[PDB]
């Protein structure tokens, strides 16, 4: 009873839920942050990167086909808002130059003008027909980047950061190897998985993936899983999307005690330390809410980096109606999943 991410796979001790891009924000997937579970039950940066033309890519939860069109229309919309913004900024500096000539620096301004004046025709978005069904392929007049795919009630958004003069053909070649997938369907072929997605390939292209899981019966704990090919170009470290509010929580030291949380764990057969912190209510204060955090990782250097970030969310932080279970109830099912990890 498996599932995969990146180039590996793992069994699951029961029901689990992938974090997917928010249904209510699919219209602004163009502003891409990351998948969540809820609005506030989230890891930072749950998406995917792939060493095609610097590709970042996401996958939404099930939405109506209307959001697919909204996404495309937001891209087009913000792109002419930009132009307007450039057009007025061009004038605001032209007014600056004259205020100046009243009295070499004006030179420096006239280029900024000439260079955002050249930006204007390229800031316009157009639709490219590359003969792809149920799609919105947007881009400049010469070059496509941005691909929205409508597939099984979900939007899939791929966006290319370093496109080329040959982008049209490169986008049609890659999409050809894309394929939807369903929960627990494990491909039998070189490729990289993400939630409900898959991209067949040679097994040689560099990648970095991160997406959180949730045991459906324990919603308050999430497991951000992180994997990247060996010595990846984005230099993604085991703490990649973590940031320090996870390392030192804010708690009032008088009603909750913050004790270090130290354990050990297996990924494949390699053993790695899981070390983080832990929050529990002192016996006197009448509190039940708990919180813990933890991270294990095996590099990284001759095979893919695999890391596990765990974090906790509080009761009433969304649709969460119970207190966080303490780690001794979650960790066994985590270690079980952890040991089952293997490449494909």
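Numbering follows the first chain given and starts at 1.
| request: Would you mind checking whether any residues of the deposited sequence sit unmodelled between residue 103 and residue 104, and how many (none, 1 to 3, 4 to 9, 10 or more)? | output: Gap between residue 103 and residue 104: 4 to 9 residues without coordinates.
| Stretch with the greater mean C-alpha B-factor as recorded in the entry, comparing 223-231 against 255-263 | The stretch with the larger average C-alpha B-factor is 255-263.
| Per the entry, where is the mean C-alpha temperature factor higher: 59-67 or 314-322? | Taking the mean B-factor of the alpha carbons in each, 314-322 is higher.
| said: By the CA temperature factor listed in this entry, which of these ranks top: 244, 134, 129, 208? | reply: Within the set 244, 134, 129, 208, 244 shows the top C-alpha B-factor.
| query | Which listed residue, 109, 155, 213, 125, has the largest C-alpha temperature factor in the record? | reply | In this record, 109 carries the highest C-alpha B-factor of the candidates.
| Ranked C-alpha temperature factor of residue 172 among modelled chain residues, by third | CA B-factor rank for residue 172: middle third.
| Should residue 75 be placed in the lowest, middle or highest third of its chain by the C-alpha B factor in the entry? | CA B-factor rank for residue 75: lowest third.
| Cα B factor band for residue 240 (lowest, middle or highest third within the chain) | For residue 240, the deposited C-alpha B-factor lands in the middle third.
| Of the three thirds of its chain by CA temperature factor, lowest, middle or highest, which one includes residue 161? | CA B-factor rank for residue 161: middle third.
| Third of chain Cα B-factors occupied by residue 31 | Middle third.
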